[PDB]
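First the proteins, then the strands, lettered A, B, ... as listed; each starts at 1.
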Amino acid sequence: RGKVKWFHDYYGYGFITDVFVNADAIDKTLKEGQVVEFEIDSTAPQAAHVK
Amino acid sequence: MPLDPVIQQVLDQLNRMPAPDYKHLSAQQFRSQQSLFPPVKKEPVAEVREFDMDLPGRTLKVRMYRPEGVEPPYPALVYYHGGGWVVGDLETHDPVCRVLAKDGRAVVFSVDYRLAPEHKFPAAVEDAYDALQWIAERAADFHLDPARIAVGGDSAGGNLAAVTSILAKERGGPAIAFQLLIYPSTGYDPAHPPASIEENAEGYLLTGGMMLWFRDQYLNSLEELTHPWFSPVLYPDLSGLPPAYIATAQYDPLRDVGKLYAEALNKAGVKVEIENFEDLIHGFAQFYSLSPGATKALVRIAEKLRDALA
């Protein structure tokens with residue numbers, strides 16, 4: 001769980017409190033302040049399957 | 001080094017949408033956009049004061065940052081934010097100034113100069129010099145050491161700091177101890193563009209099309225391309241300018257433009273240090289605390305300022 005600290009609505013990238021998330025990771029947009037559930041992608045961590 | 005991993009993630013998503021239509025992009029359109037940079041960590045300082053600086057014909061907002069644990073008389077940096085002479089303000093660069101103050105051990109005055117196309121060239125240049133003069137003449141009121149006042153800035157703001165140093169040389173003051181130029185746009189002969197202008201023209205946030213768009217907004221005509229208040233590298237006599245520190249980024253179209261200014265300063269007998277940050281792009285200071293490479297690099301730039309004004 002976390003909350004979207006910032007997300008660019010037009011370009012589809014952002015950060016979740018921090019871990020990166022882009023629009024393809026969402027299951028179209030996130031907005032600042034939302035609470036989400038995601039997997040970590042530590043292949044600078046990144047989010048996956050964001051709810 | 002390869003691209004910093006966090007920056008890489010941003011760029012990969014940025015470059016999925018096509019480039020803007022620069023022939024019809026308006027400034028009011030571009031400013032209505034959401035900015036590419038998110039708000040980043042604000043380092044703590046002793047005090048931040050915002051006020052209006054009254055100049056003939058216009059008022060400029062100023063933010064003054066006093067860091068913890070420094071005693072008067074203070075060294076100071078007059079700082080001009082970047083943004084292609086069209087965007088940016090005190091808040092977009094507030095986290096940058098806080099790092100420069102806290103780790104540079106200096107009072108920072110961040111100056112809100114007038115923006116194009118509403119105020120075309122040379123409005124920002126006049127603002128940049130007139131604001132330095134306003135502050136330097138009040139050094140005693142601000143408890144500053146008049147022998148340790150620097151100028152600095154990023155991107156278009158580094159342009160303004162470099163040009164301000166030239167105007168101060170011409171006008172016999174005020175005394176500038178140091179110029180801190182962070183990936184600055186100091187110009188070049190348009191017939192011989194430095195390699196990075198074409199090598200890094202696409203893919204790294206600041207693009208060749210964006211650069212031409214900023215210039216069209218800022219300048220009255222392209223005949224001003226070689227005016228030294230726009231391209232200070234072409235100023236005929238750079239001797240006697242303040243010593244400089246120049247930071248460039250490896251993946252910046254302006255990388256070899258900064259290198260060209262260092263070469264020109266060095267050949268005119270001015271002390272200059274230049275450092276290229278091999279893993280970063282243009283504008284990396286605004287990724288502070290978010291990108292580990294950007295964080296390390298901005299802290300190093302701030303320590304260069306500290307050493308210069310010690």
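Considering CH2 of A:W6 and CD of B:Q34, their distance stands at 5.0 Å, rounded to 0.5 Å.
Looking at A:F7, only its backbone comes within 4.5 Å of chain B, counting heavy atoms on both sides. Heavy atoms of B:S291 lying under 4.5 Å from chain A are absent altogether.
B:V10 has its side chain within reach of A:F15: a pair of non-hydrogen atoms, C-beta onward, lies under 4.5 Å apart.
B:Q13 approaches A:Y11 most closely through the heavy-atom pair NE2-O, 2.9 Å.
Among B:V6, B:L290, B:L14, the residue making the largest number of heavy-atom pairs under 4.5 Å with chain A is B:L14.
Within a 6.0 Å radius of NZ in B:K296, no more than 12 heavy atoms belonging to other residues, nucleotides or ligands are found. Residue-environment remark: NZ (A:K28) exceeds the threshold of 12 foreign heavy atoms within 6.0 Å.
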B:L11/A:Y13 under side chain to side chain contact (heavy atoms under 4.5 Å, CB included): CA gap, chis, key distance, verdict = CA-CA 10 Å; B:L11 286 185; A:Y13 69 93; over 6 Å; no
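Not a single donor-acceptor pair under 3.5 Å links the side chain of B:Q9 to the backbone N or O of A:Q46.
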